[PDB]
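Notes for the one structure printed next.
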Amino acid sequence: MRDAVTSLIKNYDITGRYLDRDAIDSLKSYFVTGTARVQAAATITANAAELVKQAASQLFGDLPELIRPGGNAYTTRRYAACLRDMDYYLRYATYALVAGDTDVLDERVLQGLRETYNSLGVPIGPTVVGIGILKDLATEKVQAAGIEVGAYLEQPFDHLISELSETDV
Amino acid sequence: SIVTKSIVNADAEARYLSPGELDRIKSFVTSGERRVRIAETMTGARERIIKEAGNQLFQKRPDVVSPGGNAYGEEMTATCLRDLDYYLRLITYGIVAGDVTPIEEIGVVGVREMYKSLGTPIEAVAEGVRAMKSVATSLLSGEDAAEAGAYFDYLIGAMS
Amino acid sequence: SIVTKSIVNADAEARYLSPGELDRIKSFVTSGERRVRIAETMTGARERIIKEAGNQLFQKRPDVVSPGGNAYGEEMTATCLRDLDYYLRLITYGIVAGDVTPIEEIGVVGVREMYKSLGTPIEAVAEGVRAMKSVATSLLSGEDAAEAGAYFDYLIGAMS
Amino acid sequence: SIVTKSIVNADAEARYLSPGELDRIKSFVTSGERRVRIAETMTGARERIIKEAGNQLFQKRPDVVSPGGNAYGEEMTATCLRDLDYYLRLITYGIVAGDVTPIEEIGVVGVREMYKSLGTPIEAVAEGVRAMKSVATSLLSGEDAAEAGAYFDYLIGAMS
Amino acid sequence: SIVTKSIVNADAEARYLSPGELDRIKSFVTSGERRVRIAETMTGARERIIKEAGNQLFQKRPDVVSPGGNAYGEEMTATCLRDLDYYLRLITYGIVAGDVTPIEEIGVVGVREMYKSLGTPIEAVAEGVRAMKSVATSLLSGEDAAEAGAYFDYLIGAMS
Amino acid sequence: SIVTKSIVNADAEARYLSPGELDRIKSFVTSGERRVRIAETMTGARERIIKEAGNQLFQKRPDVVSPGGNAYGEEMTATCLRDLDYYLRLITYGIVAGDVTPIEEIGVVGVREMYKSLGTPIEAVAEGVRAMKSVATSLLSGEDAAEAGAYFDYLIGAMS
Amino acid sequence: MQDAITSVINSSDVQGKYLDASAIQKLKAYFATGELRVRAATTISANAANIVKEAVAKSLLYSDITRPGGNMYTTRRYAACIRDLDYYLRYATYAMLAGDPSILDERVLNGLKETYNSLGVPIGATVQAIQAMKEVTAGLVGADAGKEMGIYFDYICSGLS
Amino acid sequence: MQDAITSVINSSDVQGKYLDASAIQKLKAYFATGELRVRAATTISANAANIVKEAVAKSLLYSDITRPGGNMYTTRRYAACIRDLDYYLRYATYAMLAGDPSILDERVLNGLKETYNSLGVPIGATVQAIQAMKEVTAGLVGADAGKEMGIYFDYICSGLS
Amino acid sequence: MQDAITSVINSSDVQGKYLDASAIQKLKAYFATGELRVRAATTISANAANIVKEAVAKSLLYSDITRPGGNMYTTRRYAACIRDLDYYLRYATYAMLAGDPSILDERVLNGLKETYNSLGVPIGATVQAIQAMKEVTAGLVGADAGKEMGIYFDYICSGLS
Amino acid sequence: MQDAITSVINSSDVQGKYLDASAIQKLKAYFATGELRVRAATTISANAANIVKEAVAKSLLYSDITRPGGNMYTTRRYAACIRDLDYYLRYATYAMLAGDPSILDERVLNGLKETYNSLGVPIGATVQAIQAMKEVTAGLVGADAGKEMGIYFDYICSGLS
Amino acid sequence: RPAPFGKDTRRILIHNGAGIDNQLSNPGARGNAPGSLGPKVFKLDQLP
Ligand SMILES: *[C@H](C)[C@H]1/C(=C/c2[nH]c(/C=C3N=C(/C=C4\NC(=O)C(CC)=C4C)C(C)=C\3CCC(=O)O)c(CCC(=O)O)c2C)NC(=O)[C@@H]1C
Ligand SMILES: *[C@H](C)[C@H]1/C(=C/c2[nH]c(/C=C3N=C(/C=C4\NC(=O)C(CC)=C4C)C(C)=C\3CCC(=O)O)c(CCC(=O)O)c2C)NC(=O)[C@@H]1C
Ligand SMILES: *[C@H](C)[C@H]1/C(=C/c2[nH]c(/C=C3N=C(/C=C4\NC(=O)C(CC)=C4C)C(C)=C\3CCC(=O)O)c(CCC(=O)O)c2C)NC(=O)[C@@H]1C
Ligand SMILES: *[C@H](C)[C@H]1/C(=C/c2[nH]c(/C=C3N=C(/C=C4\NC(=O)C(CC)=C4C)C(C)=C\3CCC(=O)O)c(CCC(=O)O)c2C)NC(=O)[C@@H]1C
Ligand SMILES: CCC1=C(C)/C(=C/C2=NC(=C\c3[nH]c(/C=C4\NC(=O)[C@H](C)[C@H]4CC)c(C)c3CCC(=O)O)/C(CCC(=O)O)=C2C)NC1=O
Ligand SMILES: CCC1=C(C)/C(=C/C2=NC(=C\c3[nH]c(/C=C4\NC(=O)[C@H](C)[C@H]4CC)c(C)c3CCC(=O)O)/C(CCC(=O)O)=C2C)NC1=O
Ligand SMILES: CCC1=C(C)/C(=C/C2=NC(=C\c3[nH]c(/C=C4\NC(=O)[C@H](C)[C@H]4CC)c(C)c3CCC(=O)O)/C(CCC(=O)O)=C2C)NC1=O
Ligand SMILES: CCC1=C(C)/C(=C/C2=NC(=C\c3[nH]c(/C=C4\NC(=O)[C@H](C)[C@H]4CC)c(C)c3CCC(=O)O)/C(CCC(=O)O)=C2C)NC1=O
Ligand SMILES: CCC1=C(C)/C(=C/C2=NC(=C\c3[nH]c(/C=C4\NC(=O)[C@H](C)[C@H]4CC)c(C)c3CCC(=O)O)/C(CCC(=O)O)=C2C)NC1=O
């Protein structure tokens, strides 16, 4: 949608300037990590259909308060819908990992997500834990794949946490 | 960019990132250091390109400069060099992005309605950017002038 | 944090941050490794604290456990241990932030409207924090007990 | 009283008191020889109402009689009948007043403060008051407790 | 109605309804049968009231029939008897609603500026309601004249 | 003007205009045929005023045009003579209004905060206006001395 | 603002005694003559803008006090002293229902002495107006309740002179 | 506001007619059950702080809104939710004596939808709470007035939805 | 806000020029009619309860907008409607006296078309009221000043419609 | 409102767990760069009346906008334009001291289309003033601190257009 | 149209009167009269 390149375009377009020395060195900082971005995005989709299955069984073994008849993950009508609604958070985290910033996450998944889940009774709470379990379970397959890891590939994920979850402090 | 265009196509089919667009993107990002030292030299010589293509346009189209044309007078022909200053400035955004969605969203999609509303001939700009291409291929080396010259050749197809 | 209440106290005066408060920020950032050592020793013994302070609360007030009052079985006594687990968690957040504003916006605004609806005594929660103060200050160092215990009294001023 | 509440309401409209309300004072004065039987019956059973409603309260909440609550001991259960007698020494001030204007200014206006300031939870205080106004309704007639029991049950929602 | 004073004067303190004000609700729904018989008889002879109290009003204040006054000619006195029928209808609303407020909102709060903009005397209609209450309390019973005559007395006492 | 604040003083009380200030409007509009005659004399010799008010200023405070001062330069005086030329435009607006609010809304309100920012001294621009006052009152006769010098006084006493 | 019902409530809680037998016949004296007061207080509201018709027209209307030079000669001083008489009637009728003059010295008699010596209001004209309006109410409520209304009317004139 | 009499009155006022016998029939039904509601309003105001405790533990406590992430996790934001339910118990008991949901309309439910949607407050948990609260008040007042109290609770959950 | 002198200053201020010979005759046309407008306002204010009386007598009285099935019917809504017609006349005195309709566009025409749909009062009767106010006024003041008062009447009617 | 510290301990509160080693590493990434910001926030606070002075002379002065017909012509408008610029330095130092542009979404990007459109403020001159202000600020504060400050200037003008 | 507003927000308002005399710039200037730009301030001096 809006790349880290194209975010730096309308960071410079609206002031009407060319590409100066700061433009030529911030953009080179994106390109030196681009080999590490793409190969991390391959191994995230190595077992991405397994990666949601290992996360949600580790979720629901951690919060039973979502299996026994309470909050909505009760039937397989809910549970297989939960695995799909989990799988969007894994799939859109692949895009913004390649795209540099989180503006793909900003206007594809985040907008309306506080208002979709409130209309259904889906809690926003364990969804943050569901991305928080996918926070480190994505870093394992990058680590076991030999990719270095760091803020890139561990950021898209907390931008799905710090902007989806409501501010307490 | 290409990286937006590879996501947005893969988002529409609602699959993951394919092995196809994993290698279009990886081949883009290992050419990323090559395109910025193309796009710096356009911005490093922006006062020469505008002056040379400004010298190259007005001898090709003397109906513009002559009175009763649109760019007539020293305030008006200073704006037509500013009118070409933007399109050189936009092309450097397209060389860095690897596509023309900086060109498309900023400098293409309403051009013919605007230039009809300003009085200028639309095809006279299409000669000028084509004259702007003929000084930009004399800057670069040969294997890069095919890459950066294609972004000039896209802008001709939007005008005419 | 200490950045936030050095801003919202400087925005009400509507001027810049004077260097009378910038040195306390400048001494805060260089003392970052000290507070993590306070926090990790605090959260590393979270079962040593509540199992000891839960007994010392019930010796100070045996009427929560005796038949008739609030907490019974291993369910309602256990959620009393959940709230002490919260306030042990909520007091290590202000230690790392260096300010009492993260314990403020979560738990120093309005519980005197809240706990009377729940039926728990408010002051018997406060005797649980003083047993939590004496356990953690005995575990922590001699100098930082005047710093970590400088947040423990702030919860006593909330309820009582 | 109901005379007092009507005239301060008519001062706010800056007019004379309305003929809708003048029915009520006229209804109050024909029931002024109806209210006085409720007042004298509480004289004859004030040693019977309080001594039964304490044990009705202590079987409902026996956290008080346990060692650690705010009335433990024979010197401390004196006030847990005396503060209950003090509330029985408030209804007969306002049975014959008709409404709650002696109920407020002696009983209600700061009662969230002082029971917190003495450590007694008001939810136990309102329970025995609710335990009091089941026995006083059974002692009075079915027509007496139809209106005075509605007047009895103000104080429980006013305290907690 | 009776609730409309009580549901507003207890909402403004943000409390529940005091049982002195629940006497006011109880105080009538026992009178709602007696309040409904009187307005059925008032409507049932509403032609005889206006044709009699309109008649001897002009024997008391003959100025408004006289030329130079407002109601010169039969085309304005029949327009004048509309306000007699309106105020007779507004009496019968206020007896059924139970108190002062529906006749106050519909026919009172602009009559010093309605009648001044019409140029009519504001005191002479106030003479007519005292004759409208003269013929009405002459035809109803004796026990309801202390009730239904007093709802007449408000729209006298705030007219002049 | 007088008329635009006699409206506002009569609008905020929601009244019509008193006839005392209707004399003030009526005496103002027959004075309009002579006040614009003052303003035509003032704009007819602006270049005789501004050149002379510059040379009466720069002899008095020679530090601002000597280098090291703010108005140093060939063109920097030409803005600073223009910055004093603006007050001759506004005084002719203040002459034809009979008032000082076109001086106020245009040339008073933030004039301390501009020259604090730009660096010119605030009294040094005020001494040009009293130097401009000495020549513009010498342009006119006796009866136009006080009527022009009163608005010259208000711009001096506000900036200083 | 408190009535005779709250006053015997006020004098019973403070000494530590309950609602005794001696407080009941103070209340039963209120409950006996309280039916008289609702017959009284309605008929004053029938004439509340008609007592002030008679208030000027008996002792103030065609007198030398209204003649230019006196105190009651201005339109800002006329209409300020009909409302200043109308308030003295309305707060009397509150005390007619209170059984107590303890609405008068909170809202009427608080600053009323010094505001008449300072504003040039003659005291003797008011007590010749207020005591004149005692007997016109005696023809409107009957014999006995006007003597009850004459207590609070004299409590005005004891608290004004 | 508006009241069930003052809606029957105002229906026959804008038509301009007098009191119709159907409207007179529409006022006797308010007066026949008026003695029931006046006893129903005291028994809720006695237990008004008690009902909210018995409601919030029926469907909100130990669940996923008073747990990390939900809107009642922050314990000085859960204190808003208790007095948010103090309003819907107070104003529904106002509307029971009014005979009319017009207390709830232009005072409570006029901008209630826009407040909750501008905060991320769960609508579907509020209707989960208020319909849970309706069972508790019907247990305390009896099944007679629980039909009457159940109407104005259902008016709250309808307009909020 | 601004008047005929302040606007022609502010028309000649933002150009940067002085007062030329193309703007002095805008002032000289104002100052020639300066004595005309002040006599026009002093007969408005002496008749201001009769211009609003004769305006509603041709449009609104004896119609069925003051019927019980009507907007005007309750006397709260009558006395507002005279007062909502008072504020159209009194500001029309002001703009004629200022010579510029800017005071109308700030306070009268602030949100007036969007309040009226939010209230439910008709707009098509209001243009019938002010155009009945226009024919009363021009007969009273004079056919000179009724022409310039007719502009600022219809400038409100241009804003309502 | 939050910073780099209170975004970490907000996002790690709401998962229910304590502060862990993945989030402490985010705090040490802020604590490694904290010493750079306090040197940066000190030097701007000593030159707040001078960064505004040069940047107005960089792009705004001697233009159409300074001249009559432009917007900042009247002295009253002019000072305001310094003042409506001076919030953009003070709030940008607060977000630089925070490490989060959460102040800038909250205090200084609310009405910033609708205030400036409803006051005649051109948007396109404010964006040109701000990167004229960013160039003199990054020259004053250094190359390393200039790009951290350069995020929060380009956060403002991207949200402002 | 709802909008998710923060925990603490400041609506930006325009001073009805002088432009610089907003209270967000100088809090020690809010006690001043607004002058000719703002509305008319009333005060009570002469008591009869
Ligand atoms: C194995 C012999 C037995 C068994 C074990 C089992 N099941 C699960 C997990 C789930 N079971 C369900 C069950 C249902 N969903 C429905 O809609 C219905 C019809 C009403 C039923 C019975 C669901 C939703 C799950 C997944 C969520 C969960 O964890 O409970 C497990 C856990 C698997 C894991 O560890 O991931 C186990 C061990 N299931 C059987 O059918 C046998 C009786
Ligand atoms: C499962 C781990 C969690 C959970 C999931 C859950 N979700 C739903 C329903 C929906 N989720 C979405 C979300 C999105 N749609 C999008 O387009 C995007 C951006 C790409 C997102 C994030 C939507 C729209 C729905 C509604 C159904 C639909 O998809 O059309 C349910 C179903 C609710 C039900 O009971 O019917 C569930 C169970 N709930 C949990 O408890 C877990 C935290
Ligand atoms: C224990 C030492 C004391 C005590 C505890 C107690 N609490 C509850 C119920 C609740 N407590 C809370 C409090 C918080 N929740 C939070 O998230 C935070 C901040 C992080 C605080 C302070 C809340 C919301 C509830 C209600 C639902 C819930 O449990 O979350 C109970 C149960 C009461 C009941 O009736 O169920 C108990 C026993 N009470 C005591 O007596 C001790 C003094
Ligand atoms: C509680 C069971 C539910 C809940 C409550 C909740 N509410 C808020 C915030 C507000 N609630 C109101 C309520 C009203 N405003 C009205 O005008 C009326 C009619 C009388 C009512 C009932 C308002 C104005 C606010 C917000 C203003 C403010 O800043 O406090 C919160 C706070 C939300 C937050 O994040 O701050 C909560 C938690 N939410 C639930 O989850 C329960 C379903
Ligand atoms: C709901 C409250 C309410 C009432 C009661 C009311 C009365 C009312 N009186 C009217 C006129 C009038 N009403 C009167 C009545 C009187 N003048 C007198 O001298 C006598 C005191 C009195 C009758 C005995 C007169 C004389 C007019 C005509 C005024 C005129 O012609 O100038 C009109 C306009 C004529 C019409 O519509 O037919 C109404 C609507 N309007 C209301 O909105
Ligand atoms: C009508 C309302 C109004 C005012 C008040 C106004 C003031 C004004 N004076 C200015 C400059 C200036 N003004 C001066 C003025 C002076 N130097 C001195 O030493 C003397 C004291 C003094 C004048 C006698 C100088 C030197 C500058 C240029 C400042 C600079 O370039 O640094 C500028 C900036 C240049 C421009 O934008 O054109 C403005 C806006 N303009 C207006 O439209
Ligand atoms: C609710 C209790 C209450 C009372 C009774 C009361 C009286 C009262 N009477 C006043 C004045 C006045 N009172 C009078 C009184 C009279 N004129 C006469 O001819 C007779 C002597 C007397 C007949 C009643 C006059 C003339 C003034 C105004 C003084 C003046 O003309 O300047 C004022 C001064 C303010 C004013 O009206 O201008 C008060 C406060 N205020 C209260 O709050
Ligand atoms: C100059 C600045 C200014 C304006 C714009 C102003 C407007 C104004 N006119 C109003 C009402 C009103 N406007 C009318 C309209 C009319 N009267 C009629 O009967 C006709 C149908 C129609 C005109 C011919 C009515 C009937 C109301 C009262 C509405 C109501 O009370 O429900 C209201 C609502 C006030 C209220 O009802 O409480 C406002 C604010 N007041 C002001 O000071
Ligand atoms: C941070 C919260 C905040 C906001 C958003 C804010 C905006 C703001 N900008 C304003 C004015 C203004 N602002 C300017 C603007 C400028 N000068 C220029 O030349 C440039 C084109 C531009 C900005 C660089 C002008 C030209 C006015 C109008 C002052 C007036 O007419 O009263 C005003 C009106 C002045 C007043 O308060 O009366 C406000 C409120 N003030 C605040 O406290």
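We name chains A, B, ... following the order of the structure tokens; residues begin at 1 in each chain, and ligands are numbered from 1 as shown.
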- prompt: What's the 10 Å shell around region 127-143 of chain G, counting only C-alpha atoms, without same-chain residues fewer than 2 positions away, as a PyMOL selection string?
  reply: chain G and resi 36-37+39-44+46-47+51-52+54-56+58-60+85+88-89+122-125+145-154+156-158+160-161
task: From chain A, collect each residue whose DSSP state is helix (DSSP H, G or I) and return the set as JSON, numbers by chain.
output: {"A": [4, 5, 6, 7, 8, 9, 21, 22, 23, 24, 25, 26, 27, 28, 29, 30, 31, 34, 35, 36, 37, 38, 39, 40, 41, 42, 43, 44, 48, 49, 50, 51, 52, 53, 54, 55, 56, 57, 58, 59, 60, 76, 77, 78, 79, 80, 81, 82, 83, 84, 85, 86, 87, 88, 89, 90, 91, 92, 93, 94, 95, 96, 97, 98, 99, 103, 104, 105, 106, 113, 114, 115, 116, 117, 118, 119, 120, 125, 126, 127, 128, 129, 130, 131, 132, 133, 134, 135, 136, 137, 138, 139, 140, 141, 142, 143, 156, 157, 158, 159, 160, 161, 162]}
Residues up to 10 Å from ligand 1, counting only C-alpha atoms and all ligand atoms: could you list those as a compact mmCIF listing (two decimals) with N, CA and C atoms, in the first residue's frame?
# COMPACT_ATOMS: atom_id res chain seq x y z
N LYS A 53 -1.43 -22.62 14.02
CA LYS A 53 -1.95 -23.76 14.76
C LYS A 53 -1.16 -24.00 16.03
N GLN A 54 0.14 -23.71 16.00
CA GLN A 54 0.94 -23.84 17.21
C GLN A 54 0.69 -22.69 18.17
N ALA A 55 0.29 -21.53 17.65
CA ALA A 55 0.07 -20.38 18.51
C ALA A 55 -1.24 -20.48 19.26
N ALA A 56 -2.32 -20.85 18.57
CA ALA A 56 -3.63 -20.85 19.20
C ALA A 56 -3.81 -22.01 20.16
N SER A 57 -3.15 -23.14 19.92
CA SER A 57 -3.12 -24.18 20.94
C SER A 57 -2.28 -23.77 22.13
N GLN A 58 -1.26 -22.94 21.91
CA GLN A 58 -0.53 -22.37 23.02
C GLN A 58 -1.27 -21.19 23.64
N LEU A 59 -2.20 -20.57 22.91
CA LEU A 59 -3.05 -19.55 23.49
C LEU A 59 -4.09 -20.18 24.40
N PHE A 60 -4.84 -21.13 23.87
CA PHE A 60 -5.98 -21.68 24.57
C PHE A 60 -5.58 -22.65 25.67
N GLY A 61 -4.35 -23.17 25.63
CA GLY A 61 -3.81 -23.83 26.79
C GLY A 61 -3.34 -22.87 27.86
N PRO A 64 -7.60 -20.80 29.35
CA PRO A 64 -8.75 -21.64 29.09
C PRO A 64 -9.95 -20.69 29.01
N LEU A 66 -11.31 -19.13 27.38
CA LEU A 66 -11.76 -18.96 26.01
C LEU A 66 -12.04 -20.27 25.31
N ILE A 67 -12.28 -21.36 26.04
CA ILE A 67 -12.61 -22.64 25.43
C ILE A 67 -13.90 -23.14 26.06
N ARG A 68 -13.91 -23.21 27.38
CA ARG A 68 -15.09 -23.46 28.20
C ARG A 68 -16.10 -22.34 27.98
N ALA A 73 -14.73 -18.16 21.99
CA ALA A 73 -14.23 -19.21 21.12
C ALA A 73 -14.75 -20.53 21.66
N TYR A 74 -15.98 -20.88 21.31
CA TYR A 74 -16.59 -21.99 22.01
C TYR A 74 -16.76 -23.16 21.06
N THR A 75 -17.53 -22.96 20.01
CA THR A 75 -17.73 -24.03 19.05
C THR A 75 -16.63 -23.98 18.00
N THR A 76 -16.63 -24.96 17.10
CA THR A 76 -15.77 -24.89 15.94
C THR A 76 -16.26 -23.86 14.94
N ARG A 77 -17.53 -23.46 15.04
CA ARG A 77 -18.00 -22.26 14.36
C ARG A 77 -17.24 -21.03 14.83
N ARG A 78 -16.89 -20.97 16.10
CA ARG A 78 -16.04 -19.89 16.57
C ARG A 78 -14.57 -20.20 16.39
N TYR A 79 -14.16 -21.45 16.64
CA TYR A 79 -12.74 -21.79 16.72
C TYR A 79 -12.08 -21.77 15.36
N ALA A 80 -12.74 -22.32 14.34
CA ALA A 80 -12.19 -22.22 13.00
C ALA A 80 -12.33 -20.82 12.44
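With the cut-off set to 8 Å and only C-alpha atoms counted, chain E residues close to chain I are residues 105, 106, 107, 108, 109, 110, 111, 113, 114, 117 and 118 of chain E.
Excluding region 81-85 of chain B itself and same-chain residues fewer than 6 positions from it, the residues having an atom within 10 Å of it are residues 46, 47, 49, 50, 51, 53, 54, 71, 125, 128, 129 and 132 of chain B, counting only C-alpha atoms.
CA of residue 23 (chain H) lies 6.4 Å from CA of residue 8 (chain H).
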query: Could you write out as a list in words the residues of chain C within 12 Å of chain D, counting only C-alpha atoms?
result: residues 57, 58, 59, 60, 61, 62, 63, 64, 65, 66, 67, 68, 69, 70, 71, 112, 113, 115, 116, 117, 118, 119, 120, 121, 122, 123, 124, 159 and 160 of chain C
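For the choices F:79, F:55, F:41, F:9, the atom-to-atom distance to chain K is smallest for F:9 when using only C-alpha atoms.
Contacts from chain C to chain K at a cut-off of 9 Å (only C-alpha atoms) map to residues 11, 12, 13, 14 and 15 of chain C.
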task: Extract, using only C-alpha atoms, all DNA, RNA and protein residues at most 8 Å from residue 37 (chain K), discarding same-chain residues fewer than 6 positions from it, and format them as a count of residues only.
output: 4
Do you have, as JSON lines, the list of residues of chain A lying at most 7 Å from chain J, each with its nearest atom pair and that distance in Å to one decimal, counting only C-alpha atoms and ordered by chain then number?
{"residue": "A:11", "atom": "CA", "partner": "J:154", "partner_atom": "CA", "distance": 6.5}
{"residue": "A:15", "atom": "CA", "partner": "J:128", "partner_atom": "CA", "distance": 6.1}
{"residue": "A:128", "atom": "CA", "partner": "J:15", "partner_atom": "CA", "distance": 6.5}
{"residue": "A:129", "atom": "CA", "partner": "J:15", "partner_atom": "CA", "distance": 5.7}
{"residue": "A:161", "atom": "CA", "partner": "J:11", "partner_atom": "CA", "distance": 6.6}
{"residue": "A:162", "atom": "CA", "partner": "J:11", "partner_atom": "CA", "distance": 5.6}
{"residue": "A:167", "atom": "CA", "partner": "J:10", "partner_atom": "CA", "distance": 6.7}
{"residue": "A:168", "atom": "CA", "partner": "J:10", "partner_atom": "CA", "distance": 6.3}
{"residue": "A:169", "atom": "CA", "partner": "J:10", "partner_atom": "CA", "distance": 6.0}
Output file for the selection above: C-alpha atoms, as a PDB file, in the first residue's frame:
ATOM      1  CA  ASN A  11       7.523  13.163   3.385  1.00  0.00           C
ATOM      2  CA  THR A  15       7.424  20.337   1.087  1.00  0.00           C
ATOM      3  CA  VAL A 128      -3.257  -8.821  21.874  1.00  0.00           C
ATOM      4  CA  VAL A 129      -2.039 -12.012  23.563  1.00  0.00           C
ATOM      5  CA  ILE A 161      -0.397  -4.327  19.747  1.00  0.00           C
ATOM      6  CA  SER A 162       0.285  -0.715  20.707  1.00  0.00           C
ATOM      7  CA  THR A 167      -4.338   2.961  26.134  1.00  0.00           C
ATOM      8  CA  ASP A 168      -4.339   2.404  29.889  1.00  0.00           C
ATOM      9  CA  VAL A 169      -1.506   4.575  31.196  1.00  0.00           C
TER      10      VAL A 169
END
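All residues of protein, DNA or RNA that reach within 9 Å of residue 159 (chain H), judged by only C-alpha atoms and not counting those fewer than 4 positions away in the chain, are residues 105, 109, 110, 112, 113, 154 and 155 of chain H.
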Please write the residues from the selection above to a file, keeping N, CA and C atoms, as a compact mmCIF listing (two decimals), in the first residue's frame.
# COMPACT_ATOMS: atom_id res chain seq x y z
N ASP H 105 -35.36 8.85 26.59
CA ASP H 105 -35.09 9.17 25.19
C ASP H 105 -34.19 10.38 25.04
N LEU H 109 -30.81 8.17 26.21
CA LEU H 109 -30.50 7.50 24.96
C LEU H 109 -30.37 8.44 23.77
N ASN H 110 -30.24 9.74 23.99
CA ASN H 110 -30.09 10.63 22.85
C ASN H 110 -28.67 10.61 22.31
N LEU H 112 -26.24 8.50 23.72
CA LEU H 112 -25.57 7.39 24.37
C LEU H 112 -24.84 6.52 23.37
N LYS H 113 -25.41 6.39 22.17
CA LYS H 113 -24.78 5.63 21.11
C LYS H 113 -23.51 6.32 20.63
N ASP H 154 -35.89 -2.85 28.50
CA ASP H 154 -35.85 -3.23 27.10
C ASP H 154 -35.89 -2.03 26.18
N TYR H 155 -36.40 -0.90 26.65
CA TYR H 155 -36.28 0.33 25.88
C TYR H 155 -34.85 0.82 25.86
So that each row is one residue of chain K with an atom at most 10 Å from ligand 4, can you give its shortest atom pair and the distance in Å to one decimal, using only C-alpha atoms and all ligand atoms, rows by chain and rising number, as JSON lines?
{"residue": "K:4", "atom": "CA", "partner": "ligand 4", "partner_atom_place_in_ligand_line": "35 (O)", "distance": 9.7}
{"residue": "K:5", "atom": "CA", "partner": "ligand 4", "partner_atom_place_in_ligand_line": "29 (O)", "distance": 9.2}
{"residue": "K:6", "atom": "CA", "partner": "ligand 4", "partner_atom_place_in_ligand_line": "35 (O)", "distance": 8.4}
{"residue": "K:7", "atom": "CA", "partner": "ligand 4", "partner_atom_place_in_ligand_line": "36 (O)", "distance": 6.8}
{"residue": "K:8", "atom": "CA", "partner": "ligand 4", "partner_atom_place_in_ligand_line": "29 (O)", "distance": 8.6}
message: Quick check: residues of chain C within 12 Å of chain A, only C-alpha atoms, returned as number ranges by chain.
response: C: 1, 4, 90, 93-94, 97, 99-109
